[PDB]
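Here we start with a single chain on its own, the form deposited in one PDB entry, put down as structure tokens.
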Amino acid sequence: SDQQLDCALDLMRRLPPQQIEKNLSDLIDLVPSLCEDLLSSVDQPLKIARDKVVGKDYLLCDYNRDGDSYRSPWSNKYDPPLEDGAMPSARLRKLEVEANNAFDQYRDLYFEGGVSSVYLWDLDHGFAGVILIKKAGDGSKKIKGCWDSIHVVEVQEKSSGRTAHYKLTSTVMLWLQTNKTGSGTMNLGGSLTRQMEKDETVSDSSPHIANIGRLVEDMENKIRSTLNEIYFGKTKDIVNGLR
């Protein structure tokens, strides 16, 4: 069923992204045996939930889900409450708290608003994490805009702890909708995904969060520029090539 997963992911690259959530739900109904693999590999728009303990929003996706509950990066608890859901190790949780604080500052500097969340998980010889950012324009503008960043980092640690190998797979979803007299309904939406890997020294002057921060920042800046080119350049030139 590598073949089936490849076909399902190809379909998600082709079906209109305006229906990205219904596309995934329909796919899971079509091939229920793929459910777990699809929830892992098919990115979805980020949803917001309230951590009632801290009065702060956090982001939901498959990477903080267990059963039908989601874990807050602020409280480290599942909602609704769960017995024995997947949890980062004690030491990884400390890194996760530190990463959440670093990425909230990153989010403020670049997005001047929105919501961020970071979720880490242990691997056999390292760890992995997702850094999530959601920013929506005012939905009262009938000129709707939303940005989702999904950055998944795998960190393979080496015995010394003086170097690590980082693999970053980043998706940005960008959604724009307008309903105007001249241009009628225009919905321009979807996502781009890119991947890169690097070895970096790990030290007190360059700890994991700094190494990950730089990779994320470099990738997101690059993707922002590519979105600009594709959305407002390429798709526009194509429209004008049709008539």
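Quick note: we count residues from 1 along the sequence shown, nothing fancier. Basically, rigid core = biggest C-alpha set you can superpose within 1.5 Å across the two forms.
Note that the form deposited in another entry isn't included here; everything after this is about it.
Lining up the core between this form and the one not shown shows that one residue from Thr193, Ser206, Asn187, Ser69 moves its Cα 2 Å or more, and that residue is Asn187. Once both forms are overlaid on the rigid core, the distance between the two CA positions of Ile48 between this form and the one not shown is under 2 angstroms. With the core held fixed between this form and the one not shown, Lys141 has its Cα displaced by at least 2 Å. After superposition on the rigid core, displacement of the C-alpha of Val216 between this form and the one not shown stays below 2 Å.
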